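Working notes for the structure below.
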Amino acid sequence: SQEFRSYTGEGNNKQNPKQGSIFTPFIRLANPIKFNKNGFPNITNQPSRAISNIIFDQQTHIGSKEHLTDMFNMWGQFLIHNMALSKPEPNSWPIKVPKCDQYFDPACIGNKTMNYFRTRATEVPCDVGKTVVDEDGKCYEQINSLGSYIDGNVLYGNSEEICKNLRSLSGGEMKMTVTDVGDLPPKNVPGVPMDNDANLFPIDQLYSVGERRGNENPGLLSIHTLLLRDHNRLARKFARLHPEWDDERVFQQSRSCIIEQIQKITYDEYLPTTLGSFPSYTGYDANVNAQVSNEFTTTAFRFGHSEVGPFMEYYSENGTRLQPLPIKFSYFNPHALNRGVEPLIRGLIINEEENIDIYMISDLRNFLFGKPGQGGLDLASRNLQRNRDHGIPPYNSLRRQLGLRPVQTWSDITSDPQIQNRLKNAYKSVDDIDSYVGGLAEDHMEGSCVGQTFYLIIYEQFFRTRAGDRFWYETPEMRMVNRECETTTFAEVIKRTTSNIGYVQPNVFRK
Ligand code: HEM
Ligand SMILES: *[C@@H]1O[C@H](CO)[C@@H](O)[C@H](O)[C@H]1NC(C)=O
Ligand SMILES: *[C@@H]1O[C@H](CO)[C@@H](O)[C@H](O)[C@H]1NC(C)=O
Ligand SMILES: *[C@@H]1O[C@H](CO)[C@@H](O)[C@H](O)[C@H]1NC(C)=O
Ligand SMILES: *[C@@H]1O[C@H](CO)[C@@H](O)[C@H](O)[C@@H]1O
Ligand SMILES: [Ca+2]
Ligand SMILES: [Cl-]
Ligand code: NA
């Protein structure tokens, strides 16, 4: 009776069963400032949408200075969906639109807003860890509505019941939609609630995968598809190798391989690209907590929104460039896979992404439901709100609490005058800068695509989600379990799972 991971994350740490499990408070690297959970946070800086217009506005293409690909940030978005979800409660703190905003209030009605709901929170002890006494006299911490471990929840769901509805229960395989253009994920699966944020298409047309927001964009769904194909491929092998294994055993052995495949790409390919390198595994530490930190998911790792390019490229088998799909048209759009995943994959690995800086494309920052005065969303604003919702300390306060030296003037953050000016325009002091905008404004660390601050927060998180993981693939007991897997590089998984994909570079995150 071999022991396999749970679907929720609990049981991973023997001494602290719930450690890292779903629906548990986030960790803090730095004390939060009072965020007044039950009301609005007391913010003296400019509102989120103002900071968005002043700092994040983008009018031209910059292009990744590190020469990274769209596939790189598709994995980043795929990676975070394995780790953290800040699920909101019906606790409304709307985003105020400045009067006369050309994108959300051209008629100059100064009461226009964008929907925002504060993250689920729970009362915590005031004399434990890094918290703060809220303005109502109690201490609160935000709740991670997802397992903190990299455990394939993106494919298999967050519980037994959801998992056994996504899988065929035959040969240990996952349900799939067989089509004229390869195998695609399933649809209309009972018990698998899928997100429809943009609400362009009816939910019965969305694909049913282990992660609610899997339909967010097609490039994300494509990654889901290939790892599902690779899963059913391994299940057929284990079925032939071990005919005595029932459906449950073939599935788990296949699930175990895919989890290892996800982990290996992250720590052998993704992180060395993000941070320039990464130390080698040093063994499981039962005293390390793998739980996600509030600053990691809220602040540091949200850099990807800066790097998303405006267009999604499509290429055919013979290498011809097809009509690019603009991001704004791809939000929760299953039609993007009508011609299979191969045309997307080709575009993702060849097309260079956007630079990680203060600028965010307008597909994300100025997305509209229709006319310029009725509805829409601003991802830059949502991030600022979330940081202020969670009580992320100011830029210089965070650095101090991370063991870094605080900045003294604007030039200490960057030499680019236009960045300096936009910071002067948005904030009157460096000690008023939001950690999110400050870390983005920093110069990239040597060999990295992020600044010193974000570098430190990201490095600190992924050290723990590896060291604190009892089922980490590099541990002796897990090399034994996964002795018949076929874990390779991401580029080779693509070839294994695609039809006539064409040329694929070894590192699909670069060039
Ligand atoms: C649409 C969105 C994306 C691309 C078209 C996109 C992309 C990324 C990348 C590439 C990331 C990291 C490398 C990344 C990180 C995180 N995102 Fe995320 N993202 C899109 C849309 C959203 C939306 C909407 C949210 C929630 C907005 C809000 O906070 O109100 C979002 C969140 C995050 C996030 C926080 C994780 C969490 O706890 O939910 C990241 C670390 N992304 N995105
Ligand atoms: C808001 O913060 C300012 C200082 O940042 C403080 O003077 C003021 O009293 C605070 N307001 C509330 C309602 O807490
Ligand atoms: C905002 O509230 C309603 C929105 O329907 C609007 O009629 C009203 O004029 C606005 N309030 C102002 C402008 O003070
Ligand atoms: C093959 O290449 C030609 C050349 O432009 C292109 O028009 C056609 O769509 C391609 N068809 C494929 C790859 O099936
Ligand atoms: C915070 O605390 C309770 C414990 O009583 C949790 O069950 C729940 O998540 C709430 O939001
Ligand atoms: Ca950018
Ligand atoms: Cl500098
Ligand atoms: Na997880």
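Take the deposited numbering: the last position of the sequence shown gets the number 531, and nothing is skipped along the way. The C-beta atom is built at its ideal place from N, Cα and C for all residues, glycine as well.
- Classified as buried, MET103 has 16 or more neighbouring CB atoms from the shown chains inside 10 Å of its CB.
- Annotation: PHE331 is outside any alpha helix (DSSP H); the continuous beta strand (DSSP E) that includes it extends over 331-335.
- In this structure, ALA320 keeps its C-beta atom at 7 Å or more from the C-beta atom of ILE100.
- Beta-bridge partners of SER274 (DSSP): none assigned.
- The beta carbon of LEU295 sits closer than 8 Å to the beta carbons of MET465, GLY467, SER468, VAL470, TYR475, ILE478 and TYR479 from its chain, once the five residues preceding and following it are set aside; these are given in chain order.
- With a threshold of 6 Å, the Cβ atom of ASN62 counts as near ligand 2, since some heavy atom of the ligand is closer than that.
- By the Cβ-count criterion, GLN525 is exposed, with fewer than 16 other Cβ atoms from all chains shown falling within 10 Å of its own Cβ.
- By the CB criterion at 7 Å, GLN272 and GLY40 fall outside the cutoff.
- In the displayed model, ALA141 falls within a strand according to three-state DSSP.
- Counting along the chain, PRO346 sits inside the beta strand (DSSP E) bounded by residues 341-346.
- Counting C-beta atoms within 10 angstroms of its own C-beta, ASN237 has 16 or more neighbours from the protein chains shown and is therefore classed as buried.
- For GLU506, the closest alpha carbon among the candidates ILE285, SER106 and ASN173 is that of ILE285.
- Between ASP156 and the set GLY234, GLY239, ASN56 and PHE510, the nearest pair of CA atoms involves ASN56.
- Beta-carbon to beta-carbon, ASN32 and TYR169 are separated by about 6 Å, close enough to satisfy the 8 Å threshold.
- Per the Cβ contact rule, the segment 415-433 is in contact with the segment 448-460 (3 or more Cβ pairs under 8 Å).
- CA-to-CA, the gap between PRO354 and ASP250 works out to about 21 Å.
- Within the segment 228-276, the complete alpha helix (DSSP H) segments at least 4 residues long are 238-261, listed from N- to C-terminus.
- The three-state reading of DSSP puts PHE76 in helix, counting H, G and I together.
- Straight through space, the alpha carbons of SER106 and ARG366 are spaced by roughly 32 Å.
- For the pair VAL457 and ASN93, the CB atoms are not nearer than the 7 Å cut-off.
- Within the model, the alpha-carbon separation for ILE243 versus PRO413 is close to 35 Å.
- Less than 7 Å divides the Cβ of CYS159 from the Cβ of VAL144.
- Going by beta carbons, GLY83 and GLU372 fall inside the 7 Å limit.
- Residue pairing from DSSP places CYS159 in a beta bridge opposite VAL144 and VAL153.
- The residue from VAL501, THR318 and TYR304 with its alpha-carbon nearest to that of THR485 is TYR304.
- Residues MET94, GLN97, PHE98 and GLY234 of the same chain have their beta carbon placed closer than 7 Å to that of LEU240, with the five preceding and five following residues left out of the count.
- The criterion of a C-beta distance shorter than 7 Å is not satisfied by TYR123 and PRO330.
- Of the candidates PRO222, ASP224 and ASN216, the residue whose Cα lies closest to the Cα of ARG232 is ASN216.
- One thing to note: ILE182 has its Cβ within 7 Å of the Cβ of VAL212.
- Unbroken beta strand (DSSP E) runs of no fewer than 3 residues, entirely contained in the segment 364-390, are not found.
- In this model, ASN219 and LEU422 are separated by some 40 Å (Cα to Cα).
- In this structure, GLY29 keeps its C-beta atom at 7 Å or more from the C-beta atom of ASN309.
- Counting along the chain, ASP121 sits inside no alpha helix (DSSP H), nor does DSSP assign it H or E at all.
- Near ligand 3, meaning a beta-carbon closer than 7 Å to one of its heavy atoms, we find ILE129, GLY130 and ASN131.
- Within its own chain, the residues whose Cβ lies closer than 7 Å to the Cβ of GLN66, once the five positions on either side in sequence are excluded, are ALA446, listed in chain order.
- Looking from the CA of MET91, the closest CA among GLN35, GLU289, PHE352 and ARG48 belongs to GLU289.
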